[PDB]
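Colleague: Structure provided below as structure tokens; questions to follow.
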Amino acid sequence: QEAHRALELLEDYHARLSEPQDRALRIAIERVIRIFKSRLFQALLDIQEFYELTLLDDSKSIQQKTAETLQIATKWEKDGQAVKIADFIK
Amino acid sequence: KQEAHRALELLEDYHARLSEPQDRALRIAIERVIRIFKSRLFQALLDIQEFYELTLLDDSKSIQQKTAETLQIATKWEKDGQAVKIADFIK
Ligand SMILES: [Cl-]
Ligand SMILES: [K+]
């Protein structure tokens, strides 16, 4: 169970599922993989957006960049431990 | 450039280049961002590990049950942008 290889292992399990009676599972796994990649991509865009808006803008002082960096850490730390209670349609 | 896959690499590089003492508080704050982001990634990968070990590698579950659990997990992720998620909530 090495965390950095968890998706690799799932990919390899997918590759091994070739029997017709396992095909609905294989398609469901393909959907997990797609949605997981989208989660990772969105997470990376969170870094890209911070990097652009805060760190590359050479009109912001080091002090302002620091403040913005501290606020994003604070926010992400809260998000990290937040618990879902509901979702809303559309 | 903004190749998304390289976002953390570029952040790490910016951190490495912030070496003047008047930039040090910004350097420390960026290192905190990097730690917190890597922890987010690590928990996400544990979500897959937990699924793999508890659903897929459990030989006592039928294919039907494994399919249902697989669909469930992706649906939850799919709904996360419309989710109400409360920080520091009551136990
Ligand atoms: Cl995430
Ligand atoms: K998340």
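Ordering of the structure tokens sets the chain letters (A, B, ...); residue numbers start at 1 within each chain; ligands are numbered from 1 in the order shown.
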Select the residues contacting ligand 2 at a distance of at most 10 Å, based on only C-alpha atoms and all ligand atoms, then format the selection as an NGL selection string.

Modeller: (:A and (39-40 or 42-43 or 76 or 79-82)) or (:B and (37 or 40-41 or 43-44 or 77 or 80-81))

Colleague: May I have the selected residues written with C-alpha atoms, as a tab-separated table (two decimals), in the first residue's frame?

Modeller:
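Output (result34.tsv):
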```
chain	number	residue	atom	x	y	z
A	39	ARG	CA	-9.99	16.05	-8.90
A	40	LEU	CA	-6.17	16.10	-9.26
A	42	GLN	CA	-8.59	20.94	-10.24
A	43	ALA	CA	-6.26	20.73	-7.24
A	76	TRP	CA	-6.74	25.01	2.62
A	79	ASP	CA	-10.98	22.70	3.68
A	80	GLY	CA	-8.75	19.73	4.53
A	81	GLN	CA	-10.78	18.77	7.51
A	82	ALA	CA	-14.30	20.00	6.48
B	37	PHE	CA	-1.09	20.77	-0.68
B	40	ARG	CA	-4.30	17.02	0.19
B	41	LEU	CA	-2.74	14.90	-2.58
B	43	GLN	CA	-5.31	11.97	1.30
B	44	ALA	CA	-6.74	11.84	-2.21
B	77	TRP	CA	-16.52	12.87	-5.88
B	80	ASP	CA	-18.10	17.57	-4.31
B	81	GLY	CA	-18.22	20.95	-6.09
```

Colleague: Show me a table, sorted first by chain and then by increasing residue number, of the residues of chain A having an atom at most 6 Å from chain B, each with its shortest atom pair and the distance in Å to one decimal, counting only C-alpha atoms and written as JSON lines.

Modeller:
```
{"residue": "A:3", "atom": "CA", "partner": "B:45", "partner_atom": "CA", "distance": 5.7}
{"residue": "A:6", "atom": "CA", "partner": "B:49", "partner_atom": "CA", "distance": 5.3}
{"residue": "A:25", "atom": "CA", "partner": "B:67", "partner_atom": "CA", "distance": 4.8}
{"residue": "A:28", "atom": "CA", "partner": "B:71", "partner_atom": "CA", "distance": 5.8}
{"residue": "A:32", "atom": "CA", "partner": "B:74", "partner_atom": "CA", "distance": 5.1}
{"residue": "A:44", "atom": "CA", "partner": "B:4", "partner_atom": "CA", "distance": 5.8}
{"residue": "A:48", "atom": "CA", "partner": "B:7", "partner_atom": "CA", "distance": 5.5}
{"residue": "A:66", "atom": "CA", "partner": "B:26", "partner_atom": "CA", "distance": 4.8}
{"residue": "A:70", "atom": "CA", "partner": "B:29", "partner_atom": "CA", "distance": 5.9}
{"residue": "A:73", "atom": "CA", "partner": "B:33", "partner_atom": "CA", "distance": 5.2}
{"residue": "A:78", "atom": "CA", "partner": "B:87", "partner_atom": "CA", "distance": 5.5}
{"residue": "A:82", "atom": "CA", "partner": "B:87", "partner_atom": "CA", "distance": 3.9}
{"residue": "A:83", "atom": "CA", "partner": "B:85", "partner_atom": "CA", "distance": 4.9}
{"residue": "A:84", "atom": "CA", "partner": "B:85", "partner_atom": "CA", "distance": 4.1}
{"residue": "A:85", "atom": "CA", "partner": "B:84", "partner_atom": "CA", "distance": 5.8}
{"residue": "A:86", "atom": "CA", "partner": "B:84", "partner_atom": "CA", "distance": 5.3}
{"residue": "A:87", "atom": "CA", "partner": "B:83", "partner_atom": "CA", "distance": 4.1}
{"residue": "A:88", "atom": "CA", "partner": "B:82", "partner_atom": "CA", "distance": 5.7}
```

Colleague: Could you write those residues out with N, CA, C and O atoms, as a compact mmCIF listing (two decimals), in the first residue's frame?

Modeller:
```
# COMPACT_ATOMS: atom_id res chain seq x y z
N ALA A 3 1.26 5.12 -1.16
CA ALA A 3 0.18 5.98 -1.55
C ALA A 3 0.40 6.56 -2.91
O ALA A 3 -0.55 6.69 -3.70
N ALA A 6 -1.07 4.48 -5.66
CA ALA A 6 -2.43 3.92 -5.51
C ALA A 6 -3.15 3.92 -6.83
O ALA A 6 -3.92 2.95 -7.12
N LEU A 25 -18.27 -3.56 -14.00
CA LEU A 25 -17.29 -3.13 -12.98
C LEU A 25 -16.13 -2.37 -13.69
O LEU A 25 -15.68 -1.34 -13.17
N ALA A 28 -17.26 1.03 -14.54
CA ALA A 28 -17.39 1.84 -13.34
C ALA A 28 -16.01 2.28 -12.86
O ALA A 28 -15.88 3.43 -12.39
N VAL A 32 -14.32 6.06 -12.14
CA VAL A 32 -13.55 6.47 -10.96
C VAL A 32 -12.25 7.11 -11.39
O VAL A 32 -11.85 8.15 -10.86
N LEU A 44 -4.43 20.99 -8.83
CA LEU A 44 -3.28 21.64 -9.47
C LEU A 44 -3.64 23.01 -9.93
O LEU A 44 -2.81 23.92 -9.77
N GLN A 48 -1.92 26.73 -9.42
CA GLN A 48 -1.62 27.58 -10.58
C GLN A 48 -2.28 28.95 -10.37
O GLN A 48 -1.63 29.97 -10.68
N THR A 66 3.06 37.59 1.20
CA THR A 66 3.07 36.81 2.43
C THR A 66 1.72 36.70 3.04
O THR A 66 1.29 35.56 3.39
N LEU A 70 -0.33 33.16 3.50
CA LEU A 70 -0.82 32.75 4.79
C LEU A 70 -2.35 32.53 4.71
O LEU A 70 -2.86 31.54 5.28
N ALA A 73 -3.09 29.13 2.83
CA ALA A 73 -2.79 28.04 3.71
C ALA A 73 -3.87 27.82 4.75
O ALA A 73 -4.31 26.69 4.96
N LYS A 78 -8.46 24.49 6.55
CA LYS A 78 -9.91 24.35 6.92
C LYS A 78 -10.56 23.39 5.96
O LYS A 78 -11.31 22.52 6.37
N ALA A 82 -12.86 19.73 6.55
CA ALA A 82 -14.30 20.00 6.48
C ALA A 82 -15.06 18.76 6.14
O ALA A 82 -14.56 17.89 5.44
N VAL A 83 -16.28 18.66 6.71
CA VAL A 83 -17.12 17.42 6.54
C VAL A 83 -18.33 17.77 5.75
O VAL A 83 -19.02 18.77 5.98
N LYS A 84 -18.61 16.92 4.80
CA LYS A 84 -19.78 17.07 3.96
C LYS A 84 -21.04 16.78 4.79
O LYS A 84 -21.11 15.79 5.54
N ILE A 85 -22.03 17.62 4.63
CA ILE A 85 -23.35 17.39 5.19
C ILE A 85 -24.49 17.25 4.15
O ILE A 85 -25.57 16.78 4.49
N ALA A 86 -24.28 17.71 2.94
CA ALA A 86 -25.28 17.74 1.90
C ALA A 86 -24.64 18.11 0.57
O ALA A 86 -23.56 18.68 0.53
N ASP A 87 -25.36 17.86 -0.51
CA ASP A 87 -25.05 18.46 -1.78
C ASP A 87 -26.35 18.96 -2.37
O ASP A 87 -27.42 18.38 -2.07
N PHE A 88 -26.27 19.98 -3.20
CA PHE A 88 -27.42 20.54 -3.84
C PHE A 88 -27.41 20.23 -5.31
O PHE A 88 -26.36 20.28 -5.95
```

Colleague: Go through A:58, A:37, A:74, A:51 and flag the residue nearest ligand 1, using only C-alpha atoms and all ligand atoms for the distances.

Modeller: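 Counting only C-alpha atoms and all ligand atoms, the residue closest to ligand 1 is A:37.
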
Colleague: List every residue of chain A that DSSP, applied to the backbone, labels as helix (DSSP H, G or I), and write the result as a PyMOL selection string.

Modeller: chain A and resi 3-16+20-55+62-81

Colleague: If you measure from atom CA of residue 14 of chain A to atom CA of residue 30 of chain A, what distance in Å do you get, rounded to one decimal?

Modeller: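 Atom CA of residue 30 of chain A lies at a distance of 7.6 Å from atom CA of residue 14 of chain A.
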
Colleague: Counting only C-alpha atoms and all ligand atoms, which residue out of B:13, B:38, B:20, B:59 sits closest to ligand 1?

Modeller: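 Nearest to ligand 1: B:38.
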